[PDB]
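Please read the structure below before turning to the comments.
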Amino acid sequence: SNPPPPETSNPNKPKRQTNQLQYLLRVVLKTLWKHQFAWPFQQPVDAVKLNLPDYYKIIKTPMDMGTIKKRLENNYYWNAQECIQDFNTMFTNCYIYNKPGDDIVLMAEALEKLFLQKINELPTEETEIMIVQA
Ligand SMILES: O=C(NCc1cccnc1)c1cc(-c2csc3c(=O)cc(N4CCNCC4)oc23)cc2c1OCCO2
């Protein structure tokens, strides 16, 4: 079976918004979301229908841009780097599970290159906008 998707809320985790996290949603995530190769990563992986053996034993932290989107919309992240690591995990999950040079790997690599380019547009100084304590 497929496990439930990753959490996008946590009662013990404070909610936070920064100017960096805003840019990640409005520009970085949006740019990747409109990319030609976004569609395999817009939702959690369906290992059953895709015939991916032992995907959730090897991939212990599944991640997708739909989860990242919901986490940004509901201020799940502590800061921008926690969001960046979800992008990073999404890419490396595909890299460690598939043969280098495979189609899905080429798609992930193209998204990561665009991701690195858009991340360079991030405001260097962090501006906290709001914190909602848990
Ligand atoms: O390829 C996909 N659809 C093929 C297809 C069939 C019919 C019609 N249209 C397209 C595919 C792959 C991932 C996806 C995200 S990560 C990841 C990974 O690590 C390894 C693999 N695979 C699957 C292919 N064999 C190699 C290993 O797929 C993924 C997610 C998806 C996909 O389509 C549906 C939406 O959600």
Next item on the list: Identify which of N19, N98, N79 has the largest mean-square fluctuation in a Gaussian network model of the chain, with springs joining Cα atoms closer than 10 Å.
Entry: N98
Check: What Kirkwood hydrodynamic radius, in Å, does region 9-134 give when the mean of 1/r is taken over all pairs of distinct Cα atoms and then inverted?
Finding: 15.3
Note to self: Quick query: amide H of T18 versus all other amide H atoms, modeled in the peptide plane; which residues come in under 5 Å with a sequence gap of 5 or more or a different chain?
What the structure shows: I129
Check: When the label point is put 7 Å from the Cα of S9 along its Cα-to-beta-carbon vector, which residues of region 113-134 have a backbone N closer than 17 Å?
Finding: 132-134
Next item on the list: Taking 7 Å along the Cα-to-C-beta vector as the label spot, tell me the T61-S1 distance in nanometres, rounded to one decimal.
Entry: 2.5
Checklist line | Estimated [θ] at 222 nm from DSSP helical runs (n ≥ 4, -39500 (n - 2.57)) normalised by residues in the chain, nearest 500 | finding: -12500 deg cm²/dmol
Notebook entry, point to check: Among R16, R71, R26, which one shows the biggest mean-square fluctuation in a GNM of the chain, springs joining Cα atoms closer than 10 Å?
Noted result: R26
Check: In the Gaussian network model of the chain, springs joining C-alpha atoms below 10 Å, which of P53, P62, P123 carries the largest mean-square fluctuation?
Finding: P53
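Here Cβ is always computed from backbone atoms with ideal geometry, including for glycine, and neighbour counts include all displayed protein chains. Every number here is computed from the coordinates shown, using simple stated rules; none is lab data.
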